[PDB]
Every structure is written in C-alpha cells, then in structure tokens.
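# An overview of the molecular structure
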Amino acid sequence: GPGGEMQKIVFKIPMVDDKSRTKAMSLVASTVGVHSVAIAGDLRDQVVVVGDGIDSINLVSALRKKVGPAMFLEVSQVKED
Amino acid sequence: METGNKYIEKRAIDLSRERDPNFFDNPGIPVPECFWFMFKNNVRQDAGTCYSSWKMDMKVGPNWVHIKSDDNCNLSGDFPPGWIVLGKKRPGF
C-alpha cells in the first residue's frame, strides 16, 4: 500500500547467450528480499527485479562477478493502491 | 508544385511506428499503464513499462534522470543532450 511499496530494480546486463540469462535468473532468484525476476527488453538483457529489503549493492556485485558487466537502469517503487 | 523541388518536415520521433516494448507483466504486482522508449539522436536504445502518475530514477546514457509520468503517460525529466525517454499509454489503459 501507499508508503509500504515493493522495490523495483532494473538492471541492464549484456548477455553472451541464454546460458548467461539462466545464471542471472538463478542468482537473482536466490537473493534475499527478492519476490520475483524477469528478463525482457529489446535485447533480452533487461533484468526486472521486484521485492522488499533487497540489498542492491551486494546484488549488483554478485551479478558482475558471476554473469557480466551489469548496470543499473532503474530504481523505483511499485505503484500499489 | 513543379518538378525538381524538395519539401520535408522536422523529424519528430513517432511512437506509432515503434514496435511495442518487449515487456513482461509480472503477475505479482499491479500492471504498469505506460510504455517508455529511450532514444539517443532519435535511435532507439531500449523500451519498457512504467507506472502512470508516478516517478522513477532511470539511467539515461551517462546521467541519472528523475522521470515523472502524468496520468496520460507523458514523461518529464532533465535528459542529457541528445537523449529522450518518451511515454505512451498502453492500449486499454
């Protein structure tokens, strides 16, 4: 509700192939606070994460170590009546 | 209009000729009402979805931009030179 919204964090992660995408997904889905994650975008490299209390610092560091050169695209709150 | 003359208008990005964003409406959260499209020198970079009557921080090339949306999905922010993010209301919303 208003004041208690989920986080929305979108990364751009240049992906070699579907194997990088699978790894991104498993990593994000095993991260504390994450509710759900999707990959889409024009290059299938937009990683949309939603959740609560996600430590984006540690998440982006892990993606950079394990997947590829992740960049922040967006940080926002989910609009929820 | 005699032969050999030329005429054009200014080249305003036309969202009606843009393919939809490759979006995924996450079933756990409210469906966002807007599409956004990011351009540099009129060349599409990427596209996505966002909420109407709302706000977000988005990385637009070399600069963070604080993007506000109105109820019709018009997007405002201090975009870096040559960049823009344009919104449209999704069909049915």
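Residues numbered from 1 in each chain as written, not as in the entry; some residues may be left out. Chains lettered and ligands numbered in written order. Heavy atoms only, no water. Residues with missing side-chain atoms left out of burial classes, pairs and counts.

Per the PDB record, the structure was determined using X-ray crystallography to 1.30 Å resolution.

It is worth spelling out the overall build of chain A at this point. A tally of helices and strands in chain A yields two helices and four strands. Ordered by position in the sequence, the α and β elements of chain A form the string β-α-β-β-α-β. Whereas a compact globule of 81 residues would reach a radius of gyration of roughly 12 Å, chain A reaches 12 Å, a difference of no more than 12%. Each of the three principal axes of chain A carries a C-alpha extent, and together these read 40 × 25 × 15 Å. Buried positions account for 51% of the 81 residues belonging to chain A. Nonlocal contacts in chain A, meaning residues at least 24 apart in sequence, comprise 68% of its contacts between residues at least 6 apart. As presented, chain A carries roughly 4100 Å² of accessible surface, and 57% of it is formed by carbon and sulfur atoms. (Helix = DSSP H or I, 4+ residues; strand = E, 2+ residues; numbered from the N terminus. Rg over C-alpha atoms; globule rule 2.2 N^0.38 Å. Buried < 20%, exposed > 50% of the residue type's maximum accessible area, 1.4 Å probe, protein only. Contact = heavy atoms within 4.5 Å. Areas by Shrake-Rupley, 256 points an atom, 1.4 Å probe, with all protein chains shown as cover.)

When helices and strands are counted, chain B shows zero helices and six strands. Helices (α) and strands (β) of chain B occur, in sequence order from the N terminus, as β-β-β-β-β-β. Computed over C-alpha atoms, the radius of gyration of chain B comes to 16 Å, more than 25% over the 12 Å expected from 2.2 N^0.38 for 93 residues, which places it beyond the range of a compact globule. Summarising its shape, the C-alpha atoms of chain B cover approximately 60 × 30 × 20 Å along the three principal directions.

Once that is clear, we can look at the layout of surface pockets. In this structure, the largest pocket spans a volume of roughly 300 Å³. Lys12, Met71 and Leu73 of chain A together with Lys59 and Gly61 of chain B are, among the 13 residues lining the largest pocket, the residues nearest its centre. Here the lining of the largest pocket gets three residues from one element, more than from any other, and that element is strand β4 (residues 71–77) of chain A. Here the lining of the largest pocket is composed, by residue class, of six nonpolar, two polar and five charged. (1 Å grid on protein atoms, 1.4 Å probe; cavity = no way out; pocket = protein on both sides within 12 Å on 5 of 7 lines; lining within 4 Å. Points joined across faces, edges and corners; volume = space filled by probe spheres on them. Nonpolar A, V, L, I, M, F, W, Y, C, P; charged D, E, K, R; others polar.)

Read from one edge to the other, the open sheet built from seven strands follows the order β2(A)-β3(A)-β1(A)-β4(A)-β3(B)-β4(B)-β5(B), with strand pairing classed as antiparallel. Both outer strands of the open sheet, β2 (34–40) of chain A together with β5 (75–76) of chain B, are each paired with one neighbouring strand and no more. Here six bridges tie β2 of chain A to strand β3 (residues 46–51) of chain A, and the two strands are oriented antiparallel to one another. Counted as the bridge partner of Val34 of chain A is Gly51 of chain A from β3 of chain A. Along the sheet, helix α2 (residues 56–66) of chain A contacts β1 (7–12) and β4 of chain A; its crossing angle with β1 of chain A, the most-contacted strand, is approximately 25 degrees. (Pairing = 2+ DSSP bridges. Axes fitted to C-alpha atoms, helices over the stretch in contact; angles between N-to-C directions.)

Right, let's talk about unusual backbone geometry for a bit. Within the chain, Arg44 of chain A stands out as a residue other than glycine whose phi angle is a positive 50 degrees. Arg44 of chain A gets classed as partly exposed once you look at its relative accessible area, which sits at 44%. Positioned with a positive phi, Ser53 of chain B is a non-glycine residue whose angle comes to about 50 degrees. Tracing the chain through its elements places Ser53 of chain B in the loop between β2 (43–50) and β3 (54–60). On the basis of relative accessibility, which here comes to 37%, the residue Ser53 of chain B falls in the partly exposed class.

Turning our attention to the pairing of β3 of chain B. As paired strands, β4 of chain A and β3 of chain B are joined by two bridges and run antiparallel to one another. Among the inter-strand pairings, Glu74 of chain A is bridged to a residue of β3 of chain B, identified as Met58 of chain B. Two successive antiparallel strands, β3 of chain B and strand β4 (residues 63–69) of chain B, enclose a turn made up of two residues, where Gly61 of chain B displays a positive phi of approximately 60 degrees.

Here the structure, examined in full by the defined rule, presents three aromatic pairs over all chains. Taking 5.0 Å as the distance between ring centres and 50 degrees as the angle between the ring planes, the aromatic pair formed by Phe11 of chain A and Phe72 of chain A counts as tilted. One end of the pair, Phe11 of chain A, is in strand β1; the other, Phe72 of chain A, is in strand β4, and 61 residues separate them in sequence. Ring plane angle 75 degrees and centroid distance 6.3 Å describe the contact between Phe35 of chain B and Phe37 of chain B, whose orientation is recorded as edge-to-face. Take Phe37 of chain B: its relative accessible area is 1%, and that puts it in the buried class. A connected cluster of aromatic rings, assembled from ring pairs, spans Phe23, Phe35 and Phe37 of chain B. For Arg90 of chain B, the ring lying beneath its charged end belongs to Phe23 of chain B, and the centroid distance is 4.6 Å. (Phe/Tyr/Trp six-rings, centres within 6.5 Å; stacked < 30°, edge-to-face > 60°. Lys NZ or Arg CZ within 6 Å of the ring centre and 35° of its normal.)

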